[PDB]
Amino acid sequence: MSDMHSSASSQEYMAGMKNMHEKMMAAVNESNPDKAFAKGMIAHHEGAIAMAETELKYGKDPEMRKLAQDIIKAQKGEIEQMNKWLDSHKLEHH
Amino acid sequence: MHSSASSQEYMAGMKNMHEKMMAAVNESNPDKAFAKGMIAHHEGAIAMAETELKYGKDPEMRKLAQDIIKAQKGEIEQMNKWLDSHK
């Protein structure tokens with residue numbers, strides 16, 4: 001399915017998308033709703049960054065290229081926030 | 001197929017989203033593929049964030065969900081305006 005594509009850009013947009021979506025779908029089956037959100041949203045953010053990276057490789061529109069840049073920066077930072085929350089949310093408050 | 005009411009709601013719509021996004025990115029124009037694919041992906045994030053506001057009990061993740069909804073909605077508006085101009 002990822003092997004049927006109109007163009008190099010579409011091949012790259014599709015590459016990894018199924019695995020990312022399967023990762024999202026499985027991750028949100030975590031029963032703790034906040035942990036499901038963090039794990040699902042990290043997976044979503046991974047997919048957003050990948051799509052934005054492909055737009056920077058192949059895009060030829062200045063507005064969409066700039067938006068792709070901005071999405072990458074913001075999504076990376078939110079992944080960092082979510083990972084820190086996942087690592088630290090069970091720590092004892094002293 | 002799911003552990004909980006919250007997980008059932010998180011999963012709802014995600015399948016049709018993968019198919020929708022695979023189709024969207026098969027536009028030959030790479031910037032249009034990006035805009036259509038990313039609108040769909042933003043819609044997925046908004047749906048997940050809404051479910052986190054409905055079921056979540058952690059203040060930090062609830063605040064992040066609220067911020068994501070606002071930002072993604074704004075970027076959807078930008079991408080739609082760009083699509084209309086491109087047409």
Side-chain angles (χ1 to χ4, degrees), chain A residues 1-2 4-15 17-18 20-22 24-38 40-41 43-45 47-48 50-52 54-65 67-68 70-71 74-75 78 81-82 84-86 88-89, chain B residues 2-12 14-15 17-19 21-38 40-42 44-45 47-49 51-65 67-68 71-72 75 78-79 81-83 85-86:
Chain A
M1 282 297 300
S2 191
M4 311 253 70
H5 35 258
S6 64
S7 60
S9 53
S10 291
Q11 179 184 5
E12 296 233 34
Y13 283 125
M14 288 180 185
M17 192 192 293
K18 182 184 96 306
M20 182 270 304
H21 277 135
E22 289 179 349
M24 284 179 53
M25 179 83 89
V28 298
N29 205 33
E30 162 63 49
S31 62
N32 181 296
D34 300 276
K35 189 170 175 186
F37 166 77
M41 188 67 71
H44 156 282
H45 276 28
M51 184 183 297
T54 301
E55 164 63 12
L56 293 178
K57 182 169 177 174
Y58 293 101
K60 58 202 168 199
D61 180 273
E63 183 183 346
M64 293 297 97
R65 287 174 68 79
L67 178 57
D70 288 348
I71 287 170
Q75 304 285 272
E78 290 178 351
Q81 184 188 345
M82 290 184 288
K84 293 184 187 182
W85 180 87
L86 284 167
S88 300
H89 94 101
Chain B
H2 40 78
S3 64
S4 58
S6 51
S7 291
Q8 181 183 31
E9 292 198 38
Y10 279 126
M11 288 184 192
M14 272 189 177
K15 176 188 156 295
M17 177 172 59
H18 169 71
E19 298 178 26
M21 190 180 311
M22 286 286 284
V25 302
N26 210 28
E27 294 274 354
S28 61
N29 179 304
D31 304 272
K32 189 171 180 187
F34 168 75
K36 292 180 75 60
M38 188 67 72
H41 207 39
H42 274 33
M48 190 181 300
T51 298
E52 163 60 13
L53 293 177
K54 184 169 174 179
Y55 290 101
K57 304 168 273 193
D58 179 88
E60 186 184 341
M61 293 296 95
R62 292 168 55 79
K63 182 188 283 190
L64 178 57
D67 290 349
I68 285 173
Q72 307 282 258
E75 288 179 353
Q78 183 187 349
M79 286 182 293
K81 287 193 197 303
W82 181 90
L83 284 168
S85 292
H86 188 73

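Atoms considered below: every heavy atom in the structure, side chains included; atoms not considered: hydrogens, waters and symmetry mates. The sequence lines fix the lettering, A, B, ..., with proteins before strands; numbering per chain opens at 1.
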- Query: Which pair of heavy atoms, one from A/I71 and one from B/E75, lies closest together, and at what distance?
  - Reply: CG1-OE1, 3.6 Å
- Could you tell me whether the side chain of B/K32 reaches within less than 4.5 Å of the side chain of A/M64, counting heavy atoms only? no
- Query: Are A/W85 and B/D58 close enough, and set up right, to give a side-chain contact (heavy atoms from CB on, under 4.5 Å), and what steps lead you there?
  - Reply: CA-CA 10 Å; A/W85 180 87; B/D58 179 88; 3.0 Å; yes
- Task: For each of A/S9, A/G59, A/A74, tally heavy-atom pairs with chain B at distances under 4.5 Å, and name the one with the top tally.
- Result: A/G59
- Message: Which label fits B/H41 and A/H44: parallel for a plane angle under 30°, tilted from 30 to 60°, or perpendicular past 60°?
- Response: parallel
- Query: Looking only at heavy atoms, which two atoms of B/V25 and A/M51 are closest? And how far apart?
  - Reply: CG1-CE, 4.1 Å
- Task: For B/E9, enumerate each residue passing the salt bridge (charged side-chain N to carboxylate O under 4.0 Å, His left out) test, keeping only those at least two apart in sequence or located in another chain.
- Result: B/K54
- Query: Say you draw a straight line from CE of A/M25 to CE of B/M17; how long is it, rounded to the nearest 0.5 Å?
  - Reply: 8.0 Å
- Task: Against chain B, work out which of A/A26, A/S2, A/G47, A/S7 has the most heavy-atom pairs shorter than 4.5 Å and name it.
- Result: A/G47
- Note on the structure: Ranking B/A24, B/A49, B/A5 by heavy-atom pairs under 4.5 Å to chain A gives rank one to B/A49
- Report the residues that fulfil salt bridge (charged side-chain N to carboxylate O under 4.0 Å, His left out) with B/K15, sequence neighbours left out, ordered by chain and then residue number. B/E19
- Task: Please step through side-chain contact (heavy atoms from CB on, under 4.5 Å) for the pair A/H21 and B/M21, ending with a clear verdict.
- Result: CA-CA 10 Å; A/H21 277 135; B/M21 190 180 311; 3.4 Å; yes
- Any donor-acceptor N/O pair, B/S7 side chain to A/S31 backbone, under 3.5 Å: no
